[PDB]
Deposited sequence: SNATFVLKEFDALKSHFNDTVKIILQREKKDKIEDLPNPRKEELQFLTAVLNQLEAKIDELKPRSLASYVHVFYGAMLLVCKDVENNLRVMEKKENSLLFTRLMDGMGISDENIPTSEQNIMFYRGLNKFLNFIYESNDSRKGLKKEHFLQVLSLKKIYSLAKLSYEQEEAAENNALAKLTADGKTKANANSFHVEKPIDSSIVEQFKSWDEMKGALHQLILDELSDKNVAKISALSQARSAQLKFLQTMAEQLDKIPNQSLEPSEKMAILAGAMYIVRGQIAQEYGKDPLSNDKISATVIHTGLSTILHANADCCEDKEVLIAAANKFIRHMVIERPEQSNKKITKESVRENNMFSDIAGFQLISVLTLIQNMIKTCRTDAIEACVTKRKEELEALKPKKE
C-alpha cells in the first residue's frame, strides 16, 4: 500500500470548508478581513484554486492528475509557510489551518506522500507559477494582471522562493536514495530533446567547433599557468573538473547531428561549464552562480568569459544548466521498479568525481535562477507601482 491522492473535487470542497471554518471562528465575512499571515495564506490557495479551475475550462484535460498535483503542492507549501511563521513555543499541531490542510490531503503520521509524489507536487506547482509572467516567460516580467495579484509583492516572492526550495529538497532526497548498481549500458544516440533550444540563447557561443576550441585553449592556459604538461598533473579537484569538461565534449562530439543538433550540444556543454564554474566558486566560499571576479583561477575566470556569465540572464542560465542535467541523467541514471546510477557510465574513469554532488549542485543552481527571476520581477513591479503614486 502506497499513498493515494485525494481527487480534485474532494480537495476543493474540503478546502472551501476550511475557509468557512476559519472565517466563522474569526467572525469575519471574507478572507480579506482576516489578519496576516492567515489572510495571504488563504488568498494564495484561493487564487491557485481559481486559476486551476480556469485552466480546466480552457484546456479540457482528459484527467485532473496534474491539477491535483499543483493543489497538493500549494497546500503543502502553505503548511510549510505556517511552520515558518510560528512564534514563541507555538506548535504546528495547534494550528487550525495546518491541521485542516493536512486532513484535507489525507496526510497523517502513518500515511504520507511518496518521494515521487512530492517531486510531482512541487515540479507541477513551479511550472504552474509561471502563469504569473507575460507569455509564461520571466524575461518579460509579471503580467499586468496575473492570477496572484491579490498578494503583496513580498509574499509572492517569499512563497515562490519557498516552492523552488521545496522542489530542490525533494529532488536532492531522491538523488541521495539512488544506488549505483545499474547494469545497463548507456546509449548516447537515444537521447533526444523535447523542445528545440532557442538558438538565440546559444548564439553567444558562435558554433560547436569554436566552443570546443575555446575550451581547449582554456585548458592549455591552466596547464601553462601551473607549468605542467597534462591535466592529470593538476590538483585533483581541478584535474577532475577539466577531465569532466573534456569528457562531456568528447561524448557529445560522437553523437550524429541528425540525432542531436549542434545547438543542443552547445547548450549541454555550456551547462557543464556552469557546473565546473560553480564547483570552483564553492571552493572559494561563493555561491555557485556568483558573479564575483575571483582574483586568480584561470579556469573560473575563463569559464565566466566563454559563458558571458556576467552578462547572461538567469533564465538563460537555467535553460543551459537544465540542458546539461537532462543529458547527464540520460547517460548515468537508468530507469524502468527503481531508478539507479549505472555501475559503468561516462564518468566512471574520472578519479574523485562526485556524481551525486554534481546532480545536487545542478538542483541548487536551478533553484537560484528561479529565485533570482521572481526577485527581479517583483522588484520591477514595485518600482513601476511607486512611480505611479500621486
item	value
Segments lacking C-alpha coordinates (deposited sequence numbering, starting at 1)	1-2, 339-345, 400-402
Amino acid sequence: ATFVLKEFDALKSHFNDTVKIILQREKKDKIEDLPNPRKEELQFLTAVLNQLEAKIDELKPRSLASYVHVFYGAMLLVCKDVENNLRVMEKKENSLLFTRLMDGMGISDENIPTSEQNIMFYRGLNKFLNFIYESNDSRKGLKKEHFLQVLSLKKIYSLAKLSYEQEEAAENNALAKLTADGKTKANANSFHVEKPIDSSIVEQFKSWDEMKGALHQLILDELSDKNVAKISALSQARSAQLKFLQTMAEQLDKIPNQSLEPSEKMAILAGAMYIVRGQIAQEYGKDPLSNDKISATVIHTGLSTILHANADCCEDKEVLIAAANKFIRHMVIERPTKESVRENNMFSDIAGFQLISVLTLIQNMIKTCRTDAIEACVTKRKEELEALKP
From here on, numbers count along this sequence of modelled residues.
property: Higher-scoring stretch by recorded Cα B factor average, 67-75 or 203-211; result: 203-211
property: Per the entry, higher mean C-alpha B factor between 370-378 and 16-24; result: 16-24
property: Selection by C-alpha B-factor (highest) of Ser290, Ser95, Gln166, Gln279; result: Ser95
property: Residue with maximal Cα B-factor (values as given in the PDB entry) among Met89, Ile107, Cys313, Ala272; result: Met89
property: Cα B factor band for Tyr122 (lowest, middle or highest third within the chain); result: lowest
property: B-factor third for the C-alpha atom of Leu34 within its chain; result: highest
property: Relative C-alpha B-factor of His330, binned into the chain's lowest, middle or highest third; result: middle
property: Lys60, C-alpha B-factor rank within chain (lowest, middle or highest third); result: middle
property: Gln236 - which third its CA temperature factor falls in, relative to the rest of the chain; result: highest
